């Protein structure tokens, strides 16, 4: 059960510092390296550097050293990376991964879900959830005026996953906007209940029903 878990949804103001974590388990933490990856929205992967927790030694890509700092606590089978003097260009997703040491196969066979770091001066804002009833039938759920990412738009409390299209949020004027459609049989609605669940970690969660 090799697993790498990372902290998530870190927000920080320009110039400040942030420290991502990577809790590992299911394997001998000391026999492997842990390296970090930077991926900006809609772009490729960048190697930041790696560390061998068993000895403590670290390696950086010349581009990232000074910006990133790799550490690791051998005891808690955990590895950390601090990003300093944050910029708008530091806003991206960061992956930690386990790199195998056996040869000849130096590769990353296990990854963490990744951490989305956002660097902005915008202030936290709760989302406004709006039901979208029609004028198969298609229903929708609009979530506007929130910050920062992410939110959690589920429909019937997890159930009813088919026919759903949750679109990626879009930033505009320092406020995100999200939407999601759900296509069901005409005989199913409004005959049956269909509720929209929207969760915002930074603020609060709302739940509204598609009536009419």
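Positions refer to the first chain, counted from 1.
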{"item": "Continuity check for residue 135 and residue 136, given as deposited residues lacking coordinates between them", "value": "4 to 9"}
{"item": "173 to 181 or 33 to 41, whichever carries the higher mean Cα B-factor", "value": "173 to 181"}
{"item": "Stretch exceeding the other in mean C-alpha B-factor - 20 to 28, 194 to 202", "value": "194 to 202"}
{"item": "Residue of maximum C-alpha B factor among 93, 97, 107, 103, per deposited coordinates", "value": "103"}
{"item": "Residue with highest C-alpha B-factor in the PDB entry, from 163, 158, 49, 56", "value": "158"}
{"item": "Record-listed C-alpha B factor of residue 167: chain third", "value": "middle"}
{"item": "Residue 151 - Cα temperature factor, lowest/middle/highest third of chain", "value": "highest"}
{"item": "Third of the chain's Cα B-factor distribution that residue 76 belongs to, per the entry", "value": "middle"}
{"item": "Chain-wide C-alpha B factor ranking for residue 115, given as lowest, middle or highest third", "value": "lowest"}
